[PDB]
């Protein structure tokens, strides 16, 4: 035992987890809203619309200790997504994305949320309609990332038929985010 190595998906955690952030509201009280995912170096972030639906002031908190204020770029009710913006100081951790990767049924996936961080393991039950997984999906990880064993982004964890969780396919999430950036809410 001492010689060998445990089976583990910590590799996918080290690659993906730095990019998943906490999302807060600062009214006047500091409340925890949910999780979120840093998509690129420009400083754009994806989260659930319901997380930021009633935010007086939005705050984002990285795992490395940094704390930015975020402005709502726009949302999309149908997919319950929302894009936030923050100033990117030199060096931002971003969620690994592979546009060429084709998600397959049976693929191992980790759901990464930041209520410290909590990570749960499952598989892709059904390929995206949305992507299904049996990894626990909850408010503590709602708005966070779903990634495969390599750490590549498979979807955005979302809430709202038992035992199964939902994530918005990363391919759809990318397009929706782009559209919100270009205009704002889109129909």
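Numbering follows the first chain given and starts at 1.
Enquirer: Gap size between residue 139 and residue 140, counting deposited residues with no coordinates: none, 1 to 3, 4 to 9, or 10 or more?
Expert: Missing residues, residue 139 to residue 140: none.
Enquirer: I need to verify one thing: averaged over C-alpha atoms only, is the B-factor higher for 104-112 or for 83-91?
Expert: Higher of the two, by average CA B-factor, is 83-91.
Enquirer: Take the C-alpha B-factors listed in the entry for 13-21 and for 174-182, compute each mean, and give the stretch with the larger one.
Expert: If you average the C-alpha B-factors of 13-21 and of 174-182, the larger mean comes out for 174-182.
Enquirer: Taking the values straight from the PDB record, which of 148, 120, 132, 32 has the highest C-alpha temperature factor?
Expert: Top of the list by C-alpha B-factor: 32.
Enquirer: Among 126, 67, 46, 51, single out the one with the highest C-alpha B factor in the record, please.
Expert: Of the candidates given, the C-alpha B-factor peaks at 51.
Enquirer: Would you check the entry's CA temperature factor for residue 78 and let me know if it's in the chain's lowest, middle or highest third?
Expert: Ranked within chain, residue 78 CA B lands in the highest tercile.
Enquirer: Which third of the chain does residue 39 land in by C-alpha B-factor: lowest, middle or highest?
Expert: Middle third - that is where residue 39 ends up once the chain's C-alpha B-factors are sorted.
Enquirer: Among the modelled residues of this chain, does the Cα B factor of residue 156 put it in the lowest, middle or highest third?
Expert: CA B-factor rank for residue 156: lowest third.
Enquirer: How does the C-alpha B factor of residue 62 compare with the rest of the chain: lowest, middle or highest third?
Expert: Answer is lowest: the recorded C-alpha B-factor places it there.
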